[PDB]
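> Sequence first, structure after; it's an experimental one.
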Amino acid sequence: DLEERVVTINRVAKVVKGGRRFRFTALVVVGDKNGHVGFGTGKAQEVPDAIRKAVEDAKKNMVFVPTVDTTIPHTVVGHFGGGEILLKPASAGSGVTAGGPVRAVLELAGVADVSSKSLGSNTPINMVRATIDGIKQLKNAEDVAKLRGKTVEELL
RNA sequence: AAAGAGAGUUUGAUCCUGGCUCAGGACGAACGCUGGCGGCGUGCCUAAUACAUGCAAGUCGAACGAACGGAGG
Ligand SMILES: [Mg+2]
Ligand SMILES: [Mg+2]
Ligand SMILES: [Mg+2]
Ligand SMILES: [Mg+2]
Ligand SMILES: [Mg+2]
Ligand SMILES: [Mg+2]
């Protein structure tokens, strides 16, 4: 299946000679606890329509998270735009410590032991983009062992 | 083995930079409302300002000076 959570909704405007027109832009993070997660944005005159459009957008750009032993294999840093998110492994039973959007994306991804810090701006969309970007350069022991032509025991 | 949570605020709406404020912990603490008990601790942070009253450094007859029972008269 696919579970979704709403992050934020913002009312944006645009000026015309007859006044102004407003509409809502909604950010939605979808994912399942198997290790798949994604984010999306929607825009509509009504909030539920924006949520539905954001969900449909998020369903099209899913990614995967390596979650060996329910923990990030190694620390990484995202760098998208003006946001910075640092993710590092945590011990078993430590829970998840993160900011709002980062907590949402990590919880929907499926990880249970990870600690993160925000080192940049606090704009939610840039925070989510930075978190996903940091998730990009994750690694698995088997994959790097195959890349370097050796076994896991030799590498670890 | 250890390993870090953010929020509000400049705009008609944005994205950055930047300051201000708040969410936590600790006192030899003080003030306000209130107040049942037990154990263990702490109590002039200011005037090293001025001091009633009492006690805190004396002891050795094995180196040289006591009343009584009591020799004797
Ligand atoms: Mg797009
Ligand atoms: Mg505040
Ligand atoms: Mg009191
Ligand atoms: Mg009282
Ligand atoms: Mg008591
Ligand atoms: Mg003193």
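Okay, I see it. Numbers count the residues shown, from 1 in each chain, chains lettered A, B, ... in the order given. Ligands and ions are numbered 1, 2, ... in the order given.
> mind listing what the residue nearest the centre of chain A touches?
Closest residue to the average C-alpha location of chain A: residue A:105 at 4.0 Å, with Cα atoms, centre = their mean. Counting by Cβ atoms under 8 Å, 6 or more residues apart in numbering, residue A:105 touches A:29, A:31, A:37, A:39, A:128, A:131, A:132. For every residue, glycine as well, the C-beta is placed using N, CA and C.
> Output these in a markdown table; the columns should cover neighbour count.
Shown next, in a markdown table, are these (neighbours: other Cβ atoms under 10 Å):
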| residue | neighbour count |
| --- | --- |
| A:29 | 26 |
| A:31 | 25 |
| A:37 | 28 |
| A:39 | 26 |
| A:128 | 26 |
| A:131 | 30 |
| A:132 | 21 |
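> Closest one of those residues to residue A:48?
Ranked by distance to residue A:48 (Cβ to Cβ), the contacts of residue A:105 are led by residue A:29 at 17.1 Å.
> Any buried residues in the helix or strand harbouring the closest one, and which?
Using DSSP states H and E, residue A:29 maps to strand A:19-32. For strand A:19-32, burial by neighbour count (16 or more other Cβ atoms under 10 Å) applies to A:23, A:24, A:25, A:26, A:27, A:28, A:29, A:30, A:31.
> isn't there a helix covering the residue nearest to the centre of chain A?
Yes. The assignment for residue A:105 by DSSP: H, G, I helix; E, B strand; the rest coil puts it in a helix.
> Who are the contact partners of residue A:77?
A:84, A:85, A:86, A:87, A:134.
> Can you tell me which of those residues end up in helices?
residue A:134 (DSSP state H).
> Taking the contacts of residue A:77 together, which two end up most distant?
Every pair of the contacts of residue A:77 checked by Cβ to Cβ; the farthest is A:84 and A:87, at 11.0 Å.
> joint contacts of those two?
With Cβ under 8 Å, 6+ apart as the test, residue A:84 and residue A:87 both reach A:77, A:78.
> These two: who's more crowded?
A direct count of neighbours by other Cβ atoms under 10 Å for residue A:84 and residue A:87 places residue A:87 higher, at 23 against 19.
> Alright, I will stop here.
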